[PDB]
Amino acid sequence: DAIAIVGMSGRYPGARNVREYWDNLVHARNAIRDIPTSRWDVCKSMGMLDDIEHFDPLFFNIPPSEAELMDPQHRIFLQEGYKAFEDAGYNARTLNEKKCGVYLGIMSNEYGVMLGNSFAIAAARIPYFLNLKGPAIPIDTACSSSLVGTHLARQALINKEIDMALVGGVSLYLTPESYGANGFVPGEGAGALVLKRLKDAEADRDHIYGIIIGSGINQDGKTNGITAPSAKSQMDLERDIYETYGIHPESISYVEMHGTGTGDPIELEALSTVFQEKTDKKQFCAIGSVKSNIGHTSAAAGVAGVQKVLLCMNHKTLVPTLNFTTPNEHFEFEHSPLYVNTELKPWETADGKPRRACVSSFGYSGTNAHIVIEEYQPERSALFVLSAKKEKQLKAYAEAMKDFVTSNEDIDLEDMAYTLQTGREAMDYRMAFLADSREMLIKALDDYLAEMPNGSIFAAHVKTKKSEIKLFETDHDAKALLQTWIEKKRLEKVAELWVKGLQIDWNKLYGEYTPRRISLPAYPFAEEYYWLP
Amino acid sequence: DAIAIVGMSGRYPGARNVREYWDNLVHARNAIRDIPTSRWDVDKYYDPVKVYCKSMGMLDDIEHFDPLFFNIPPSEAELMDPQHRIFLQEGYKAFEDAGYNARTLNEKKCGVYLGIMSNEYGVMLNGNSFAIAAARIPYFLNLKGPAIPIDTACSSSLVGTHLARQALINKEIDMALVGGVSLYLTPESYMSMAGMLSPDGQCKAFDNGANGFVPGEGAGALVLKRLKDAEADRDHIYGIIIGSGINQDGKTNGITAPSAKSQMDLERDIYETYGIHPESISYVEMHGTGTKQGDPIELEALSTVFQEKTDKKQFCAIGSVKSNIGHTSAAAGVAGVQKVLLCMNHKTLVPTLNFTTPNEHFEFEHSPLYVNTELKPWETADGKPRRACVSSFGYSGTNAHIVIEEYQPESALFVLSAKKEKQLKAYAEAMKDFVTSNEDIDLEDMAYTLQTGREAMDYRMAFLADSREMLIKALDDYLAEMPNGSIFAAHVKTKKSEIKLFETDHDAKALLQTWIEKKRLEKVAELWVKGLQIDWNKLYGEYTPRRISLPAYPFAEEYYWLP
């Protein structure tokens, strides 16, 4: 039935993550810049990612020398994909042998040619690293790729062929060669979503961004030139989805258009016509395109749009679409169900109905996709733990957490700790601390970073402390003592032992109030430069 | 009230005149060819996704001109836009078709309204302004009515027709020459595709596979008069204009998009103003350019206006000659009017081409309209004259629509002359072909037309005939230079002395005057060819024949292009 989106990660022009992405959208920021000479010597504009050469190959058990031979599209998605899992609150341990499919939108080979680097391998990186067992399939339907992938993952989950799916897209523009409405400006990006059956997501107590309640794909078929759109195919696609899944156009209040700024009028007419077949209501449905902010992120276009929509729903807020002064002459808005939203405003819904939105993505090869997303409506000291594979990254992790807590005054401290305990892998470099308030939490992380002694803070490298924790691992009364500590109160003791490498049973910390996993900052990868050898 | 069309001349793809035009229409011929390299290299501009059309309705010999005929120095001819040269010829011939000549047009209050929309030749060169294009004919023939070029794109010649009509009705002019001319000289201009052109190079009017138009070249002219004047002057009348109107699309979706509402208003207002019932109309020559969004809008508009007034179904045939010749742009209106007049004259409807399956966006079955693809009799009920409309819509949004009604009217001495002997020979050839092709020609009307409705120029021939066969034989004998005692020929400048006697002597003049009545044609003939002025009216007593359409001057085919 319904598919839950339980994890997301994103890296788009002007946005290193989904929180910056949201902030940029709220403030109507445009990330399009002139192409610098460090890329190539110069349309002279692009929605660019920063530091596309950066990778943490050691994290992924990849030899540094192999990293130079990897398409950065592979490298960046590997990172974003992984972070999507961590966002959902899953780790290497909990993913091991999971029937998780990987569906990766990808549509260019630039690095391989400039020079392992097949589409087939690009999709297979994450399954190989995490020991996943669902199929790994790259999808090249051009700009519809990530949304096509979403559809396929959706169908596999519903048929119970997999129990989880990582869907995503990645697009870089590396060469000069591969490169009011007047055409589009190319964008770069990488995004991933983690999908589950809704019933599983609720039983597993995942945090849920939203649910997919309908999706479809089809073809333009014979058009006037292979890259031209078909009004009829777009209409059929949208109609068939709404009819198959019992979705009334009146229930939809936002559509993230394909909206490349070429094509535009055909898309508008199609969607308008389909809506009007079912309702007389006027100007109820806002339309936008994040391509106005970040450019045309190609294979990653679908996932960029889906993430925008989920963020909108989560904040119950509609954000401006950009570059709109006067309506396209070829379409008449006044008596349409559609209106272009250029305001930052509250996303209003009537009588506690869940917000619904659509995302469209159409490819130059004629393969179309369209999905319908519905807002999800859900029914003392804590022990904070952090770890990373190097001390430098632990420090970066602490900074990321401090920024996050500073930015989010309403964070549930118990949920956050719980996520750090159960929703992250305990790696070799460790710190832990107690806090009973936001202020104490921020102070602790500050103290850690500034190296100001603080009696609530514990840190160790696990390999150094082996002899010191053995006393607890094998003896029966030591375990009983630890269990008494963790069953339950002293937390200081649990903390000291945990940072030294002792495995803790985090479940025992909680009698019949158990907190929930929430979205937190994911691993801060080492930012090492790798390019052509 | 009514405006009589009393003369016509046309030059379209596959048709050097309106007689070939008619033949091509009857036989359902498509004139659209691939563009030859002698025009430009399509391979150097062609891209299938640059130009994406390689086809055109082309005129032949666009470089040919007879500058000496028009008192133009040969060297100036190279500097003249061929659009000007071509119209200058076609206009002049329209007058001759009507049976008017330099003498009879001198100082006439004749307006000239010329559809023209392009400057290619002038640009290539870097005299050739639109203003001068329209003014050539007035300058040559000493006409005194206003000379105005009309550029409303593809509606140009039909807007000109409306303006000429209103001037004639308001008695500001006594005659009008209306026309249009379009050539496509460069890859650049024909090019603009803007998405306009068909990749298949056909105007698929009314068809579901309509995907743009193919550019066409053409030059056409009509001579208009008030009907009352046309009847008093005993003109031959092709048809009458009984209504016309022009308007604007206004604000559309894109300045080149059409407006359903404007087309409906245009047509409705015309019919209401002039008391024309849609049921009385049996053919419409559509704008019918074969564009995907344009065609269905035109159909729906016209259908709707007809349906407001009648429940009758499928009584009005629709077609578009653009299916035959391509989209002849500024000349589109005049080409359509000329088709309709020819249809009326022959009481015949002809096929519209490239029609396989009706446009999905319009349902014909319950329409007053049907697409005619048959060569068939144009039937009318009772006594009633046939009525037809022509529509022409421009890319700039200025529309025109006229309503034409069928007109229902209540030995001989043949003389020919040209400015050079070579052209006289060509004139004799054209007449022979005409007489051969037209087995029912009235010999007395024809002679009368050659006598009174053509200028006596310097190289002359004349002969007697009492039958078609005799006429054909004489012209054959003339052409073959094989002796015939009833054929006379001379160059007038050579014969001045042999004629003077009849110009100055009182008794000679009295003898010549008796001859004209004495019933002696041989004598009149010998003298006329030598340059003697003959009072042709004296040849006729109780019965005077009527002017009819004959082949016009066959211009020298001299090549002029860029200097």
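Draft legend 1. The overall build of chain A, seen in detail. Per the secondary structure count, chain A includes 18 helices and 20 strands. Over its C-alpha trace chain A gives a radius of gyration of 24 Å, about what one expects of a compact globule, namely 24 Å for 533 residues. Oriented by its inertia axes, the alpha-carbon framework of chain A measures out at about 75 × 60 × 40 Å. Split into buried and exposed, the 533 residues of chain A put 59% on the buried side. Of the roughly 23,000 Å² that chain A leaves accessible, carbon and sulfur atoms contribute 49%. Across chain A, the 56 positively charged side chains and the 73 negatively charged ones have centroids separated by 5 Å.

Draft legend 2. Structural context of the domain arrangement of chain A. All names here are of chain A. When cut into domains, chain A gives domain 1 (1–379) and domain 2 (380–511). Distance between the C-alpha centres of domain 1 and domain 2: 36 Å. In this assembly, 10 residues from domain 1 lie in contact with 10 residues from domain 2. At the boundary of domain 1 with domain 2, total buried surface from both sides reaches about 780 Å², with 47% on carbon and sulfur atoms. Its largest share of buried area at the contact with domain 2, domain 1 owes to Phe59, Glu86 and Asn91, together 49% of the area lost on that side. Inspection of the region where domain 1 meets domain 2 yields zero salt bridges. In this structure, the connection of domain 1 to domain 2 is made through two residue pairs in polar contact. Across the side of domain 1 that touches domain 2, the residue classes break down as five nonpolar, two polar and three charged.

Draft legend 3. The arrangement of the packing of aromatic side chains in detail. Scanning all chains against the criterion turns up 48 aromatic pairs over all chains. When the centroid spacing of 6.2 Å and the interplanar angle of 15 degrees are considered together, the rings of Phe275 of chain A and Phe284 of chain A count as stacked. As far as burial versus exposure is concerned, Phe275 of chain A and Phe284 of chain A are alike and both buried. On the numbers, 4.9 Å between centres and 85 degrees between planes, the contact of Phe362 of chain B with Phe364 of chain B is edge-to-face. Judged by its relative accessible area of 8%, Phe364 of chain B is buried.

Draft legend 4. Representation of the environment of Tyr459 of chain B. Residues and elements named next belong to chain B. Residue position: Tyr459 is located in strand 18 (residues 459–465). Separated by 30 residues in sequence, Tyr459 and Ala489 have C-alpha atoms that sit 7.8 Å apart. Leave out the neighbours within four places in its chain, and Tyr459 touches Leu416, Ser417, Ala418, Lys419, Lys420, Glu421, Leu424, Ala490 and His491.

Draft legend 5. Summary view of unusual backbone geometry. Residue and element names in this part refer to chain A. The residue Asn61 is not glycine, and still its phi comes out positive at about 55 degrees. Inspection of the secondary structure puts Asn61 in the loop between strand 4 (54–55) and helix 2 (64–67). One non-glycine residue, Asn131, lies in positive phi territory at about 60 degrees. Following the sequence through the fold, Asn131 ends up in the loop between helix 6 (119–130) and strand 6 (136–139).

Draft legend 6. The arrangement of the sheet that holds strand 9 (residues 239–248) of chain B in detail. Residue and element names in this part refer to chain B. Spatially, 11 strands are ordered 6-5-7-8-1-9-16-15-10-11-13 in an open sheet, and the strand pairing comes out mixed. In this open sheet, the two strands that pair with only one neighbour each are strand 6 (147–150) and strand 13 (369–371). Within this sheet the neighbouring strands show an average axis-to-axis angle of 25 degrees, counted without direction. Of the pairings in the sheet, the one linking strand 5 (residues 110–115) to strand 6 comprises four bridges and is parallel in character.

Draft legend 7. Structural context of the sheet that holds strand 19 (residues 457–461) of chain A. Residues and elements named next belong to chain A. The three strands are arranged 17-18-19 in an open sheet whose pairing can be described as antiparallel. Looking along the sheet, the strands with just one partner apiece sit at the ends: strand 17 (382–388) and strand 19. Strand-to-strand twist of the sheet, defined as the mean angle between neighbouring strand axes without regard to direction, takes the value 15 degrees. Across five bridges, the pairing between strand 18 (residues 429–435) and strand 19 is antiparallel. Bridge pairing in strand 19 places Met431 opposite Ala459.

Draft legend 8. View of a nonpolar patch on the surface. All names here are of chain A. A cluster of nonpolar side chains, contributed by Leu69, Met114, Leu115 and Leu532, occupies part of the molecular surface with about 320 Å² of accessible area. Relative to the helices and strands, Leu532 resides in the segment after strand 20 (528–529). Assessed through its relative accessible area of 33%, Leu532 is described here as partly exposed.

Draft legend 9. Geometry of the interface of chain A and chain B. Taken together, the contact pairs five residues of chain A with six residues of chain B. Across the chain A/chain B interface, buried area totals approximately 360 Å², and carbon plus sulfur atoms make up 30% of it. On inspection of chain A and its partner chain B, the count reaches zero salt bridges. Taken together, the links from chain A to chain B amount to four residue pairs in polar contact. Looking at the side of chain A that touches chain B, its residues break down into one nonpolar, three polar and one charged.

Draft legend 10. Highlighting the pattern of salt bridges. Tallied over the full model, the rule gives 47 salt bridges over all chains. Residues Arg16 of chain B and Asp61 of chain B are paired through a salt bridge, measuring 2.6 Å at the closest nitrogen-oxygen approach. By relative accessible area, which is 29% here, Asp61 of chain B ends up partly exposed. Note that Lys473 of chain B and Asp477 of chain B form a salt bridge whose closest N and O atoms lie 3.3 Å from each other. With a gap of four residues between them, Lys473 of chain B and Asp477 of chain B both fall in helix 16 (residues 468–480), about one helical turn apart. Bridged by salt links that share partners, the residues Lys196, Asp204, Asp206 and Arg517 of chain A form one connected network.

Rules used throughout
Residues numbered from 1 in each chain as written, not as in the entry; some residues may be left out. Chains lettered and ligands numbered in written order. Part of a larger assembly, values for the part shown. Heavy atoms only, no water. Helix = DSSP H or I, 4+ residues; strand = E, 2+ residues; numbered from the N terminus. Rg over C-alpha atoms; globule rule 2.2 N^0.38 Å. Buried < 20%, exposed > 50% of the residue type's maximum accessible area, 1.4 Å probe, protein only. Areas by Shrake-Rupley, 256 points an atom, 1.4 Å probe, with all protein chains shown as cover. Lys, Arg positive; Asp, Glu negative; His and termini not counted. Charge placed at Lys NZ, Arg CZ, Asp CG, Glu CD. Domains from an automatic or database assignment. Contact = heavy atoms within 4.5 Å. Buried area = accessible area lost by both parts, 1.4 Å probe. Salt bridge = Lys/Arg side-chain N within 4 Å of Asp/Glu carboxyl O. Polar contact = N/O pair within 3.5 Å; in protein donor to acceptor, adjacent residues only side chain to side chain. Nonpolar A, V, L, I, M, F, W, Y, C, P; charged D, E, K, R; others polar. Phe/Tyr/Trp six-rings, centres within 6.5 Å; stacked < 30°, edge-to-face > 60°. Pairing = 2+ DSSP bridges. Axes fitted to C-alpha atoms, helices over the stretch in contact; angles between N-to-C directions. Patch = residues over 30% accessible without salt bridge, like charges linked within 9 Å, V, L, I, M, F, W, Y side chains within 5 Å.

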